[PDB]
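Chains as they are written, first to last, in PDB author numbering: chain c, 2 to 90; chain Y, 88 to 188; chain 3, 3 to 121; chain e, 2 to 30, 38 to 51.
Yeah, the Cβ is synthetic: ideal placement off N, Cα and C, and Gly gets one too.
Each remark here refers to the structure printed beneath this line.
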Amino acid sequence: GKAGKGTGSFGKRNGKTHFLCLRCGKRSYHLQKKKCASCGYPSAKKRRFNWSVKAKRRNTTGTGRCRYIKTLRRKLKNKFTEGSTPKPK
Amino acid sequence: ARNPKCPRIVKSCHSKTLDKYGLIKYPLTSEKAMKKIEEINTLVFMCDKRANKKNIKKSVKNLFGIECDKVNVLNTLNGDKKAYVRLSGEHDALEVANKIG
Amino acid sequence: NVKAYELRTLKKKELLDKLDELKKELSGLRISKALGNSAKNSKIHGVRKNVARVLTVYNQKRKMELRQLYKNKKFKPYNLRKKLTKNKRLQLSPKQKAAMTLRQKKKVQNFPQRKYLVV
Amino acid sequence: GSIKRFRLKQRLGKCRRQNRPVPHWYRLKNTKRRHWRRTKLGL
RNA sequence: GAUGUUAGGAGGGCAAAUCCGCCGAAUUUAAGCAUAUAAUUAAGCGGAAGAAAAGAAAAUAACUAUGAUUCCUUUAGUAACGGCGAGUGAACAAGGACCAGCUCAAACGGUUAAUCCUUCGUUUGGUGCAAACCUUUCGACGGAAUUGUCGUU
RNA sequence: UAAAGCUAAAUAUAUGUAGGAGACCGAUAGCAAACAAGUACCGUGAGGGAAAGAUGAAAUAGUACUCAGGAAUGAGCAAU
RNA sequence: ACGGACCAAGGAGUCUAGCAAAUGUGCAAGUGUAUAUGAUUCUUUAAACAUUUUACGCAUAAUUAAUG
RNA sequence: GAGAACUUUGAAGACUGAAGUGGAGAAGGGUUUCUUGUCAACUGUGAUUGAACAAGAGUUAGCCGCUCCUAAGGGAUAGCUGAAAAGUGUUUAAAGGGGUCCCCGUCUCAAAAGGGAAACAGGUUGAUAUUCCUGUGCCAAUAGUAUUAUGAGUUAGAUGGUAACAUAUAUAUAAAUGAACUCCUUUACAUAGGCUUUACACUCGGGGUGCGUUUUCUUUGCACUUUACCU
RNA sequence: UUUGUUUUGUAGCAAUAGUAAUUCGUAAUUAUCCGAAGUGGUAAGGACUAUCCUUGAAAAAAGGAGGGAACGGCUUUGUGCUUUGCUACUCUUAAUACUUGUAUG
RNA sequence: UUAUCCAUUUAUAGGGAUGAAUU
Ligand SMILES: [Mg+2]
Ligand SMILES: [Mg+2]
Ligand SMILES: [Mg+2]
Ligand SMILES: [Mg+2]
Ligand SMILES: [Mg+2]
Ligand SMILES: [Mg+2]
Ligand SMILES: [Mg+2]
Ligand SMILES: [Mg+2]
Ligand SMILES: [Mg+2]
Ligand SMILES: [Mg+2]
Ligand SMILES: [Mg+2]
Ligand SMILES: [Mg+2]
Ligand SMILES: [Mg+2]
Ligand SMILES: [Mg+2]
Ligand SMILES: [Mg+2]
Ligand SMILES: [Mg+2]
Ligand SMILES: [Mg+2]
Ligand SMILES: [Mg+2]
Ligand SMILES: [Mg+2]
Ligand SMILES: [Mg+2]
Ligand SMILES: [Mg+2]
Ligand SMILES: [Mg+2]
Ligand SMILES: [Mg+2]
Ligand SMILES: [Mg+2]
Ligand SMILES: [Mg+2]
Ligand SMILES: [Mg+2]
Ligand SMILES: [Mg+2]
Ligand SMILES: [Mg+2]
Ligand SMILES: [Mg+2]
Ligand SMILES: [Mg+2]
Ligand SMILES: [Mg+2]
Ligand SMILES: [Mg+2]
Ligand SMILES: [Mg+2]
Ligand SMILES: [Mg+2]
Ligand SMILES: [Mg+2]
Ligand SMILES: [Mg+2]
Ligand SMILES: [Mg+2]
Ligand SMILES: [Zn+2]
């Protein structure tokens with residue numbers, strides 16, 4: 002058998018089992034299953050595990066600009082009332 | 088039927104949705120485009136990825152005295168749209184090209 | 003190269019007109035850039051900035067008018083509402099928190115935590 | 002193949018853009041280069 | 001009881017170190033191993049806060065009695081549990097840190113819900129350049145409430 | 001005085017941000033990461049996961065010029 | 001018999017808990033000021049000092065299943 | 001060109017031999033395509049070559065697909081389970097459409113080889129072509145009112161044909177009353193065997209063109225003689 | 001309206017396009033494009049025949065039929081309905097004009 | 001039999017004596 006378990010078999014390897022995945026962008030969206038291996042896309046959750054500490058660290062809050070959270074930070078310190086500018090001149 | 092005492096959100100800001108300026112980004116030169124301009128009275132424009140054929144036509148109408156017979160479009164692999172715009176027989180693409188600059 | 007303080011006085015229509023002109027100018031610049039040119043390639047940035055400024059001014063004006071329109075009247079559009087952390091919003095007003103039962107209030111009135119210098 | 006999803010096409014374009022080398026003038030004021045034949049995008 | 005893109009609202013997700021529930025092992029130790037041990041641990045799932053939880057005695061004591069919780073020092077490696085093997089293992093007192101109490105239900109008030117809320121308002125103030133807040137008392141029109149709100153202890 | 005409830009303080013923090021520290025580590029150490037590091041790259045995937053700091057005081061001194069070279073480079077009576 | 005091509009760097013009885021004897025030191029029928037308080041203590045000060053104008057540990061007594 | 005066994009051109013000699021290192025596509029790849037450069041490394045020899053490096057440039061559709069339908073199936077709605085996470089999918093549901101109140105009715109995803117509105121020919125680029133251009137078509141839409149023309153029917157709904165059935169040829173066969181509610185049919189179907197018909201392909205004979213052989217022989221050998229959808 | 005004869009047409013598309021020529025010029029003209037048939041290699045269709053304890057998808061969409069609901073227009077009067085008078089009407093394509101969001105991809 | 005459980009359909013007439021079929 003030319004299609005043996007090694008090299009012969011690697012030749013028949015065509016067709017993604019996982020695609021890119023809306024939400025995570027990590028090619029872990031199992032097409033056939035319609036579920037992300039990394040996020041659990043359809044399930045309204047992120048799918049993260051305390052047994053995968055490295056994984057957790059590589060995906061936590063601080064990774065990725067924090068668009069709004071960052072902006073909010075320091076506001077507490079300022080304690081400025083909402084909707085107020087500083088005095089002109 | 089809805090009867091809201093106050094509207095949830097009121098984006099009083101000037102519309103973000105792309106107008107003619109921003110829809111149509113710039114004319115394309117390039118030997119191909121030049122050829123098109125010469126031989127077939129078709130003007131080539133780089134345009135917003137999210138512009139529709141109708142929209143592009145409208146923009147063209149607004150931006151220049153041009154009338155368009157047909158507009159073919161494609162998405163470039165630089166993340167921009169290329170619109171091939173064939174002008175009606177009443178107009179001379181070359182003259183309009185000149186006008187545009 | 004128009005700056006903010008000159009634009010605050012101008013009517014909204016005029017501002018809009020200005021903005022359109024600026025946009026047109028920008029378009030021209032872009033076109034020039036696209037063609038084999040490098041003459042006014044650095045002028046465009048300034049124009050863009052100006053446009054942005056104009057937009058900001060107009061937006062502010064719009065906001066102000068909106069605010070004026072929706073003065074008081076209990077409920078307000080969520081944008082005009084005092085945007086604050088969700089938790090804070092949820093949280094009871096200080097007054098509400100304070101509000102004690104009548105008996106408790108009476109008690110408080112009667113025997114407050116007095117100062118009693120001990121010598 | 003020769004029939005891609007729009008998103009995929011966009012991604013490809015982005016990758017291509019990334020590929021191009023440092024504009025030389027900066028050097029006077038890359039390690040992430042890629043080759044289509046040696047490192048796959050795994051899209 | 002359904003139903004409504006009715007009017008006004010709320011929940012969902014992310015983040016966990018401390019925190020609170022659940023759910024839940026095994027490696028391991030016993031020179032084997034099965035009870036035990038690991039461990040009421042890890043993982044799993046759910047939920048909070050700047051702390052959480054606990055908390056105002058159906059408490060301990062047997063004293064000349066102490067007096068909500070929590071935490072520290074201690075009791076104490078003690079009582080006890082444990083193929084009484086390996087191992088495990090508190091509590092009361094005592095010294096502190098800090099100290100804070102309370103309100104529902106039930107009893108009573110019918111010469112009368114004395115309550116409460118939505119919406120629309122009305123007019124004195126105080127700040128701020130504005131934006132806004134901050135308070136003040138006063139009635140409407142609705143409802144909720146007698147299957148029980150509020151006052152009294 | 002059970003079978004209803006609330007309640008600050010002391011107490012805990014290996015998470016996040018912001019400060020301040022060390023009889024700590026000194027680029028095979030210290031976080032995996034002093035550097036475009038959770039980056040490149042590998043794995044279908046869950047995941048795994050690096051290497052890589054230092055010219056000089058000053059490149060606003062980064063090698064001018066000449067000769068030999070196809071060029072790289074080399075050499076100089078030349079040069080910072 | 002096994003390990004070792006070579007070189008450079010890294011590379012292995014440590015740290016804590018309680019017990020022990022050894023020895024040093026202080027005090028000694030006592031000893032250790034535990035938490036915690038107090039200060040004219042505050043770069044060092046997370047230490048040093050102080051201990052309220054019969055706390056507890058171990059020891060001073062043993063023994064018994066035990067009331068004792 | 002500094003430099004050539006492996007760059008290019010010509011001339012030989014050869015192979016691949018229509019089950020092809022030829023054309024097209026799918027999966028996968030992702031700018032590898034193309035032009036101008038071009039050689040630090042790579043291109044296991046060289047290399048001036050390159051799928052390398054650099055700068056640009058390139059992918060145009062109502063008709064080709066996806067887009068719509070359902071299939072094996074999947075994700076969910078109601079429930080019901082379960083501490084939850086999840087596991088099930090009418091098991092005791094008040095589960096949007098069609099007609100003028102009745103009559104139906106889980107939703108949604110799942111085929112770039114199943115089903116399916118409609119496109120062909122020539123030409124053109126450095127690189128795209130059923131997609132651009134020229135030409136010819138086809139399909140689906142096309143609100144209301146008012147004019148117009150086009151023809152029907154009536155003076156409320158044609159005719160022929162014994163019958164099988166046929167008939168509107170107006171620029172264009174447009175028009176042959178029809179609601180509710182039904183019943184069909186198309187979609188829509190295995191494999192094998194031969195037989196037939198068409199099509200392309202190949203060939204043969206002749207005429208017509210050009211080329212090839214010619215010491216000798218050959219009315220000769222080869223090439224071209226084409227015709228698309230649509231009506 | 002039917003019969004006889006002739007000339008056309010690669011049935012329109014269509015020759016203006018191709019292909020093979022021949023020239024002339026620095027793109028244009030010209031001439032060619034057609035008379036017979038066989039092989040059955042492909043592909044499709046047709047009518048059939050055989051095999052099965054195997055009988056060989058569904059729906060979207062479309063069509064046909066049964067069925068017979070409803071029924072011209074305008075004007076006037078009374079409370080969509082009824083009565084009275086008059087005769088171009090009901091269709092249907094295509095075109096056009098006008099409002100309504102800008103009514104072809 | 002009312003709890004419960006099972007089945008049946010559009011939850012379609014209370015029990016006995018090879019056309020069409022609807023407003
Ligand atoms: Mg295997
Ligand atoms: Mg699969
Ligand atoms: Mg397109
Ligand atoms: Mg693909
Ligand atoms: Mg490869
Ligand atoms: Mg949550
Ligand atoms: Mg359990
Ligand atoms: Mg063991
Ligand atoms: Mg052992
Ligand atoms: Mg856990
Ligand atoms: Mg929280
Ligand atoms: Mg609490
Ligand atoms: Mg304790
Ligand atoms: Mg002890
Ligand atoms: Mg235990
Ligand atoms: Mg509590
Ligand atoms: Mg390191
Ligand atoms: Mg050995
Ligand atoms: Mg050896
Ligand atoms: Mg070794
Ligand atoms: Mg060493
Ligand atoms: Mg000693
Ligand atoms: Mg080679
Ligand atoms: Mg051969
Ligand atoms: Mg051979
Ligand atoms: Mg080839
Ligand atoms: Mg190439
Ligand atoms: Mg080589
Ligand atoms: Mg090249
Ligand atoms: Mg490249
Ligand atoms: Mg099609
Ligand atoms: Mg559907
Ligand atoms: Mg199915
Ligand atoms: Mg499921
Ligand atoms: Mg689908
Ligand atoms: Mg198909
Ligand atoms: Mg011709
Ligand atoms: Zn994901």
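With residue i as the anchor, note down where its alpha helix (DSSP H) starts and where it stops.
i              : result
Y113 (chain Y) : Note, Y113 (chain Y): premise wrong, no alpha helix (DSSP H); beta strand (DSSP E) at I111 to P114.
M66 (chain 3)  : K45 to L71
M121 (chain Y) : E118 to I127
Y7 (chain 3)   : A6 to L9
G30 (chain 3)  : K14 to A36
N112 (chain 3) : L104 to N112
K97 (chain 3)  : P96 to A100
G9 (chain c)   : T8 to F11
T72 (chain c)  : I70 to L73
So, using beta-carbon positions, are residue i and residue j closer together than 8 Å?
i              : j              : result
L17 (chain 3)  : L9 (chain 3)   : yes
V49 (chain 3)  : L21 (chain 3)  : no
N128 (chain Y) : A170 (chain Y) : no
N149 (chain Y) : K119 (chain Y) : no
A36 (chain 3)  : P91 (chain Y)  : no
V158 (chain Y) : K168 (chain Y) : no
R95 (chain Y)  : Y72 (chain 3)  : no
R32 (chain 3)  : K145 (chain Y) : no
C155 (chain Y) : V172 (chain Y) : yes
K65 (chain 3)  : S175 (chain Y) : no
With respect to the beta strand (DSSP E) encompassing residue i, which residues constitute its N-terminal and C-terminal limits?
i              : result
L49 (chain e)  : Where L49 (chain e) is concerned, there is no enclosing beta strand (DSSP E), given that its DSSP letter is neither H nor E.
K168 (chain Y) : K168 to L174
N162 (chain Y) : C155 to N162
Roughly how many angstroms separate the alpha carbons of residue i and residue j, rounded to a whole number?
i              : j             : result
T163 (chain Y) : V54 (chain c) : 41 Å
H25 (chain e)  : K3 (chain c)  : 51 Å
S39 (chain c)  : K27 (chain c) : 8 Å
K45 (chain 3)  : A6 (chain 3)  : 19 Å
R24 (chain c)  : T64 (chain c) : 15 Å
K80 (chain c)  : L86 (chain 3) : 12 Å
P43 (chain c)  : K34 (chain c) : 11 Å
Could you tell me if the beta carbon of residue i falls within a distance shorter than 7 Å of some heavy atom in ligand 2?
i             : result
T58 (chain 3) : no
Please indicate yes or no: does the CB of residue i lie closer than 7 Å to some heavy atom of ligand 38?
i             : result
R24 (chain c) : yes
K27 (chain c) : yes
Taking 7 Å as the cut-off, is the beta-carbon of residue i closer than that to any non-hydrogen atom of ligand 4?
i            : result
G9 (chain c) : no
Let me have the residue list for ligand 2: C-beta closer than 6 Å to any non-hydrogen atom, ordered along the chain. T18 (chain c) and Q33 (chain c)
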